[PDB]
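The structure under discussion appears below in the form of structure tokens.
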Amino acid sequence: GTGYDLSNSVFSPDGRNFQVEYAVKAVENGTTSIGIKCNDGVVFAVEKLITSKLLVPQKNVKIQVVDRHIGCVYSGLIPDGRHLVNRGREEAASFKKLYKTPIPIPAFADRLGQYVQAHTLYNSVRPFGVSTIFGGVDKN
Amino acid sequence: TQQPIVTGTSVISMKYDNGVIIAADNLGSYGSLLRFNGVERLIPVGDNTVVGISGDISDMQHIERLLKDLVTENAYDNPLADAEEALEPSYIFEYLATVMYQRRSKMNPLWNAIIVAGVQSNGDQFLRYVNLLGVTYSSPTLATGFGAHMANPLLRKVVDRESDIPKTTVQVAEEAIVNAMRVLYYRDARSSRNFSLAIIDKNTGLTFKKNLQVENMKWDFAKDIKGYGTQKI
Ligand SMILES: *[C@@H]1[C@H]2C3=C(C)C(=O)C(O)=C2[C@@H]2O[C@H](CC[C@H](C)/C=C(\C)C[C@@H](C)C[C@H](C)[C@]1(O)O3)[C@H](C)[C@H](O)[C@H]2C
């Protein structure tokens, strides 16, 4: 018997979390987005599909700022991405509140990392349907 | 329920034909100890707004960090942050005023008198006051603490009702403001010679002058004063 894939935090007998693997499928199905690191910064870019002439050009911005120095872009379920970014924004505010300095990008990466991991621990949540490219410049 | 510890004295301000001026000295007093000497109490927010703060300095610093956060937050998912959707002085004011009144309602005030000065996007001058009680008011001139008693009378000589605003220039407003800092330094035991001043002008933008000094101080007559009544030498 199987059904190891019906429920978020279940290990399959080869040790895999099928729900996460299916969340990847929603990502793969998304618009392409990318990031390139240059030698003093980073660049983010993304493909936005024009479903129709009716979309106002320039207006449905996909890339998001966190704090003042972090950019994130993502492919997959767009609302999931926003929710990730709302969390990132709380997470950087808190860090800045307590420590005065703006959040270092490695620190910030782990904050998103832990939160997204959290959503693979329980069957009462679903995993994120995005992959996020993100980064910026910090004290080093 | 608290008590101010490190404090800033008057913030004074007025409006002129094309904008607002606002000034505050650089001292953080600790009761009667003139403790700190490079304290900035004018907070620029965006290119159209200065927030002048008196009262408790710890609370000042807290308001300062709130204001940074407003700028961050307004920037988020906002392609028009540097254009039509910038922070207006009126928005920054309603925000502070809400905070001040909520904190008085919880019996735990931010111990300050604040003046928001700036220019609205349509060019209109903005000058409004809020304090630890959440009490708010506007006037062509506005001053806090000691300034209300000594600066207002002089600033009101220059701009006395609304119709004086179109008649009054930056040169004349700045003159009046600078003059008032001089008078406040003469008689306020919690004031400093050093001050910051800011002009927010609908054409020329925000001008922020640091490290000003009270000029042209009359002290000569002091040599002819002996005794307290009957003494001769
Ligand atoms: C001289 C002002 C003054 C105050 C607080 C005041 O009550 C008063 O009556 C005077 C008078 O000002 C006259 C000029 C008025 C004009 C609008 C102001 C000018 C040119 C410059 C300001 C910086 C002057 C202050 C408001 C003042 O220092 O405080 C005359 C000069 C009168 O001689 C004088 C009594």
Legend entry - Cα point-scatterer Debye curve for chain B, base-10 log of I(q)/I(0) at q = 0.11, 0.14, 0.16, 0.17 Å⁻¹: -0.56, -0.87, -1.11, -1.23
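Above 16 angstrom, tally the Cα pairs of the range B:130-169 and express them as a % of all pairs, no decimals. Don't jump to the answer; show the numbers that get you there.
Values: 318 of 780 pairs.
Beyond 16 Å sits 41 percent of the P(r) for the range B:130-169.
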Inset, instruction - For every other residue with a beta carbon closer than 14 angstrom to the beta carbon of residue B:195, add +1 if it is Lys or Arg and -1 if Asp or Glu, then tell me the sum. - result: +1
Inset, instruction - Using 0.36 nm per residue of separation minus the Cα-Cα distance, give me the extension gain between residue B:1 and residue B:186 in nm, one decimal. - result: 63.3 nm
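Residue A:53 to residue A:11: FRET efficiency via 1/(1 + (r/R0)^6), r the Cβ-Cβ distance, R0 35 Å, to the nearest 0.05?
0.10
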Legend entry - Euclidean distance of C-alpha centroids, the range B:1-55 and the range B:121-138, integer Å: 15 Å
Inset, instruction - In a Gaussian network model over chain B where Cα atoms closer than 10 Å are linked, find which of B:97, B:180, B:148 has the largest mean-square fluctuation. - result: B:148
Inset, instruction - With springs only between Cα atoms under 10 Å apart, run a GNM on chain A and tell me which of A:50, A:36, A:70 wobbles the most. - result: A:50
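Quick one: net charge of residue B:124's neighbours, Cβ under 14 Å, K/R +1, D/E -1?
On the way: positive: B:15, B:128, B:202; negative: B:17, B:88, B:162, B:201.
Residues near residue B:124 contribute -1 overall.
How high is the relative contact order of chain A, given as a whole-number percent (alpha carbon pairs under 8 Å, six or more residues apart)?
Numbers: 202 pairs, mean separation 43.6, N = 140.
Computed value for chain A: 31 percent relative contact order.
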Legend entry - Backbone HN-Hα couplings from phi across the range B:76-83 [Karplus 6.51/-1.76/1.60, Hz, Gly and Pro as x]: 5, 6, 9, x, 9, 4, 8, 10
Legend entry - Inter-centroid distance (Cα atoms) of the range A:24-81 relative to the range A:95-129, Å: 19 Å
Inset, instruction - Using every pair of alpha-carbon atoms in chain A, split the distances into 10 Å bins beginning at 0 and state the percent of pairs per bin, rounded to integers. - result: 11, 35, 32, 18, 4, 0
Legend entry - Gaussian network model of chain B, springs between alpha carbon atoms under 10 Å - residue of B:64, B:88, B:175 with greatest fluctuation: B:175
Inset, instruction - Give me the net charge of residue B:79's neighbourhood, meaning all other residues with Cβ under 11 Å from the Cβ of residue B:79; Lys, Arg count +1, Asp, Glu -1. - result: -3
Legend entry - Hz values of 3J(HN,Hα) by residue in the range A:6-17 - Karplus curve (6.51, -1.76, 1.60), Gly and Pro given as x: 8, 8, 3, 9, 8, 6, 5, x, 8, x, 10, 9
Legend entry - Placed amide H near residue B:142: partners under 5 Å, 5+ positions off or other chain: B:13, B:14
Inset, instruction - Measure nothing but the geometry: give the 0 to 90° angle between the long axis through the Cα atoms of B:146-158 and the longest principal axis through the Cα atoms of chain B, rounded to 10°. - result: 80 degrees
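No value in this document is a laboratory result; all are computed from the given coordinates. As a convention, Cβ positions derive from the backbone with ideal geometry for all residues, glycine included, and neighbour counts pool all protein chains shown.
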